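Here's the letter readout for the chains.
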Amino acid sequence: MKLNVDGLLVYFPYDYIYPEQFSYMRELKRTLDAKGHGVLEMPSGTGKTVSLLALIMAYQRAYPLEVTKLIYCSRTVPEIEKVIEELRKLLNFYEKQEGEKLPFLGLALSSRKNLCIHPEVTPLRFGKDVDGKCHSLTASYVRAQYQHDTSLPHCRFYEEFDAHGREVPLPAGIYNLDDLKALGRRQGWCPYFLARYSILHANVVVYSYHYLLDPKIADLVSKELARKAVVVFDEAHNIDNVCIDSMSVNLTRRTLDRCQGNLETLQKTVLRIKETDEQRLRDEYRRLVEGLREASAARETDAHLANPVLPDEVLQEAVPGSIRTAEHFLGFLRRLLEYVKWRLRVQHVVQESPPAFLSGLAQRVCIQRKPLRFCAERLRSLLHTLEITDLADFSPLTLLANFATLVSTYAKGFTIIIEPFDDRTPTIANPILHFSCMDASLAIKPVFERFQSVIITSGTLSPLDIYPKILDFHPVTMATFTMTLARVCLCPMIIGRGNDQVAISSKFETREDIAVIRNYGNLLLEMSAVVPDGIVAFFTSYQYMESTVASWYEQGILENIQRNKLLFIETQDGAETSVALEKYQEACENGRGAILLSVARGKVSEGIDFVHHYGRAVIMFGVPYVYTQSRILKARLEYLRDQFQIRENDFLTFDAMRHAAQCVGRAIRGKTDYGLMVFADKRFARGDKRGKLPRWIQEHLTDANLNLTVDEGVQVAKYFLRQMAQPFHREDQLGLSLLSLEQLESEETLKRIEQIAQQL
Amino acid sequence: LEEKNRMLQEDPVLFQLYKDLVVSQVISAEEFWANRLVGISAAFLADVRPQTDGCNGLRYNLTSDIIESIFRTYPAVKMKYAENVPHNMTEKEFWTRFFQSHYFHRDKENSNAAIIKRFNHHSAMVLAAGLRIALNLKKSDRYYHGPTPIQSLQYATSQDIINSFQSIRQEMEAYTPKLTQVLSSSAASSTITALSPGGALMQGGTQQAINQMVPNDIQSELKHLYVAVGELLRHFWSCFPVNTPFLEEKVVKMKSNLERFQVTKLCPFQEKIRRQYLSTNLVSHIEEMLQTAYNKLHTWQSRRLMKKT
Amino acid sequence: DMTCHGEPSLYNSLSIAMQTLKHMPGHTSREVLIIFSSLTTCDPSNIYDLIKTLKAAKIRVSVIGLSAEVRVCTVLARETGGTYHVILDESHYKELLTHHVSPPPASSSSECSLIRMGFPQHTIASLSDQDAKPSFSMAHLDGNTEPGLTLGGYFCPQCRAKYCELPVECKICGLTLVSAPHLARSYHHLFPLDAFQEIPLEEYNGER
Ligand code: SF4
Ligand SMILES: [Zn+2]
């Protein structure tokens, strides 16, 4: 189907287009006309990705210069696979419509774990082990020696790519990770290195948040990215959390012991190599004194331990002569480790600012800020010059060096929290240091200042103004697309009263209440006896969920629930959790009721998607407020209040509502998909809490369903199921929720589409 | 033999039929028997409870169905039963131990984790054991005159009929109601006589009680003979149409069996009527059916002979 | 007056129906109607293999659920060519039953064979005539109660089998004994009555 959107031709791969999709296309085109960042909110299951890809391809075809390369940032590998499949289908539609294969190249980027073919590295269960083994088999120093000695360890996949894969770029097309692996096996090349080489040639590059948002990994992609590139973020509602985690550093006593052991081993190795050949240290000193640009710009293959976190200005300055000597720097690291351990010896929690800790270290250890600024560079040079292969054992030293570099340069927005006792078990001596970053916007700061435009979209974007404050920027367009439905596919209900009229709440004071647990058990039993097989229940915390399950089993109510439908409960281990999810899906496809009980912060709420028959019923047991005892959360709230005038309670409510919408918003996949939404909490009736829901969900939240009981909720669920299980025809959607080619040409339809969307 | 004998005992009529067909050498037992020839629920633990009677009664009611469900869901229970019953311990002792063991009474983080693991294992075991054309007619007028045969529809004479149509049109144009001309005493008497019992309209009359003329034992014997003949003829017609050479031999054997049955059972029954001199022709229907079958077989044999000419 | 207990077993019922319908001729349509009250069922084996077997057997399965729509039942109905429905109330249930009364349209795989049938008359024997031969009905012989010795009735033209009920296929020779009104009883399906044009009384200037 051909679409005329503001004079631009779009090849829609489907015979029909939603009006919301047309509005999304028009708004995205308007944003592209400004070459600026924009934030849009689109309901899930509406095919927003297809519209985005079609408009981007149309823009590239019309004006390649405006958008030289498309950048897509995702969350999980299945998302990348789905995006690749949809883009391949769109490209096939384009080729069929035009009759020729367009010179279009799309590529998906992943880690070496998802791109290794070497049989020795395959059985490794950890990506870090895979990376270390690959580095050992593909080290630049190892390769040169292997050139004169074939018996030396090597990886033919990278060698053949270097010898043969560089001259011939990949032909225009779209390749999946399995497709890349098959091509590498056919050609004897490594798909990871070939994909890295072909990034500059690929018109579209798709990868995850970690590959670009993390400053440690940013230069692995941003080096082949121009200023006119456009970056796309989908489901980035928790981008701030990812940036904080990337910028956060955690150290433990076992980490300190491992660092001490690896430092002793490194000193012994340095002494041994100096006895064997002292000239290497002199050559390294010459390289450092003459400039670090010579070594970094001449070996692109040594990017295993790249540290692009520091600004480019600091790179020019050389390492001070006091620590240029290998032994001097080893002693410096030893003194730093001893000082860190002595500071961690405190028996109470200490909250410090980076400037105060730096001043204390300078007073005690006589360590100035300037020598500590280049800690990462000196560590990288020392690790590179010693021909170290098994860098996995050296990870704690690298982590400590990166933490020291972060403290020495980055001060504002960071807090050092020293907790010698675990929050869960204070009786256990667990000395842990957290270098918590409260400024996630810095992680996205260069992206705004380098690329042409940034595209941000997510299904949970209820407040349109907090994100510009969170990311510290001013998006050009802030528009939310209201969802128009010919048939009501969602019935969100709030049940704050139990069977015994007990006030349902999820506050930690009322979490231990037996009455609330019994009311939840009765509600689940009635839902199993009434609602279809698909049942998912999101709790607030793992301990609360376990206590609730134990109380249900002791009371015996859970026995009848198991009699009605099979029960599956996730655990902390993801290996058995995947098996439990597979069993749940098989039972739901076998006609036997399966009930899932997960947490709003668990893996289910993160990267699990529900089909129409999987997302029949989603029940949120209370507002998922984060555990406030974490001083990191308190410090972040204080920093946000002192830097953005945002109350801590408001931020906690926003985060909890975002998590709830993420848990519930994945139960709808389109017009033909209908599901039940239940919110078992009286707190949701609060206007401030209720107002923090997505517009496409909040609009359908009828006030008649506000604060119902178990029986009323069951009756409403029965009515909704019976009404929405009736046979329906796609022809009825024409003119109301679905638009054909002729309906698009109607100006009244265009006016309705314009009225559907609202900008804020 | 034991399996075959129990089938006869369950149905005495069939056993009587078996005796009349095999013992009387009408048919062989081989040919006689040639023609003659659960989901798993998760409630098996929660719903099944140790039943407490009025005075210290442990009514276990250990049905094999529940035991098989437990074995399917929990192979460990089956292994323990095999390795302990009945040498290491008795079945009742094993059940008592299971009731008293922590396996049944699963009922704090460790306890919650154990309960969750047990429930997940039970669900996984249950899931694993669950697997182990548009139509356009041409001549619609056939529906206008369907299975009704060609009637006596006769067209009248030429234009003179219209004149007759005029005559009635002129005859009833000036019409007046009449009362005396409608009925007469003689016509009323004739109608009464026609409607009187024994008249032409009152067709026939009373009949004879055939129920008392035929003894009930003779009625039961006739019913048994009817059932046997009907089954034999159903087997005979099942082969028809004969498309394979084996069907020819099977039909020949069926005819031989029918002849043997008629000689051994029908004929002595006939005299049973004839000795009682019952005027009811009950055997006449049997004779008609047997003769129809014999004529059909003879005609098919003649057709087969002609096809080979 | 039965007792409702346990859980439904769709797999066993479908297997029994397929076994019963296995011997049926291809030209005759195989239709299955299922009343599914509970939303969960227990299957001793994989139902999808049974679904494939039913699809190969060309059997139509229609399911009318009571509580809500079942994905497995919907897939089964779609693959078997039947229709899946959900009960809204008693009136909706009656409407669904009335709709399902009408024969489903014949698919492409439906056979077209020229079946032979007989139409015996109501042979009635008079005791005054010497040709009165009372005989028990074959259908009545199947019951435990003593069959009634009827003077006449219906006799099969193919094997002289006596039946007192029509339309009943003859058990002996397999001939389907029907009657002319029985055949014409479905002729209205052949020529459905098209809906008349609706014009309001005010806009219609004609006969009152
Ligand atoms: S070069 Fe490629 S195939 Fe070889 S170990 Fe590294 S990732 Fe694996
Ligand atoms: Zn017959």
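What counts and how
- Residues numbered from 1 in each chain as written, not as in the entry; some residues may be left out.
- Chains lettered and ligands numbered in written order.
- Part of a larger assembly, values for the part shown.
- Heavy atoms only, no water.
- Axes fitted to C-alpha atoms, helices over the stretch in contact; angles between N-to-C directions.
- Helix = DSSP H or I, 4+ residues; strand = E, 2+ residues; numbered from the N terminus.
- Parallel < 35°, antiparallel > 145°, perpendicular 65-115°, else oblique.
- Contact = heavy atoms within 4.5 Å.
- Nonpolar A, V, L, I, M, F, W, Y, C, P; charged D, E, K, R; others polar.
- Buried area = accessible area lost by both parts, 1.4 Å probe.
- Salt bridge = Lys/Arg side-chain N within 4 Å of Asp/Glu carboxyl O.
- Polar contact = N/O pair within 3.5 Å; in protein donor to acceptor, adjacent residues only side chain to side chain.
- Buried < 20%, exposed > 50% of the residue type's maximum accessible area, 1.4 Å probe, protein only.
- Pairing = 2+ DSSP bridges.

As stated in the entry header, the method of structure determination is cryo-EM and the reported resolution is 7.1 Å.

Caption draft 1: Quick peek at the packing of helix 19 (residues 375-385) of chain A against helix 20 (residues 395-409) of chain A. Residues and elements named next belong to chain A. Two elements in contact, helix 19 and helix 20, have axes whose closest approach is 8 Å; the angle formed by their N-to-C orientations is 155 degrees. The orientation of helix 19 with respect to helix 20, classified from their angle, is roughly antiparallel. Contacts from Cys375, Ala376, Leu379 and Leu383 in helix 19 reach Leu397, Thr398, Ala401, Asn402 and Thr405 in helix 20. For the contact of helix 19 with helix 20, the residue count by class is six nonpolar, three polar and no charged.

Caption draft 2: Up close: the interface of chain C and chain B. The interface is formed by 36 residues belonging to chain C together with 34 residues belonging to chain B. Note on chain C versus chain B: buried area summed over both sides is about 2900 Å², and carbon and sulfur give 65% of it. The interface formed by chain C and chain B contains two salt bridges. At the junction of chain C and chain B, the tally comes to six residue pairs in polar contact. At the level of secondary structure, the elements contributing two or more residues to the side of chain C that touches chain B comprise strand 6 (135-136), helix 5 (138-141) and helix 7 (187-190) of chain C. Along the lines of polarity and charge, the residues of the side of chain C that touches chain B split into 21 nonpolar, eight polar and seven charged.

Caption draft 3: Local environment of the pairing of strand 11 (residues 429-437) of chain A. Residue and element names in this part refer to chain A. Within strand 11, seven of the nine residues are buried, which leaves it mostly tucked inside the rest of the structure. As paired strands, strand 8 (residues 249-251) and strand 11 are joined by three bridges and run antiparallel to one another. Across the sheet, the residue bridging to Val249 is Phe435, located in strand 11. With seven bridges joining them, strand 10 (residues 414-421) and strand 11 adopt antiparallel strand pairing. Note on strand 11: the bridge partner recorded for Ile416 is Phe435.

Caption draft 4: Broad picture of the interface of chain A and chain C. On the side of chain C, 17 residues touch chain A, which itself brings 19 residues to the contact. Considering only the side of chain A, the residues that lose the most area to chain C are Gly591(A), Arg592(A) and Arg722(A), jointly responsible for 32% of the buried surface there. Counting across the chain A and chain C interface gives zero salt bridges. Looking at the side of chain A that touches chain C, the elements that each hand over two or more residues are helix 26 (557-564), helix 27 (574-589) and helix 33 (710-724) of chain A. Residue contributions to the side of chain A that touches chain C peak at three residues, all from helix 33 of chain A. Split into classes, the residues belonging to the side of chain A that touches chain C amount to seven nonpolar, seven polar and five charged.

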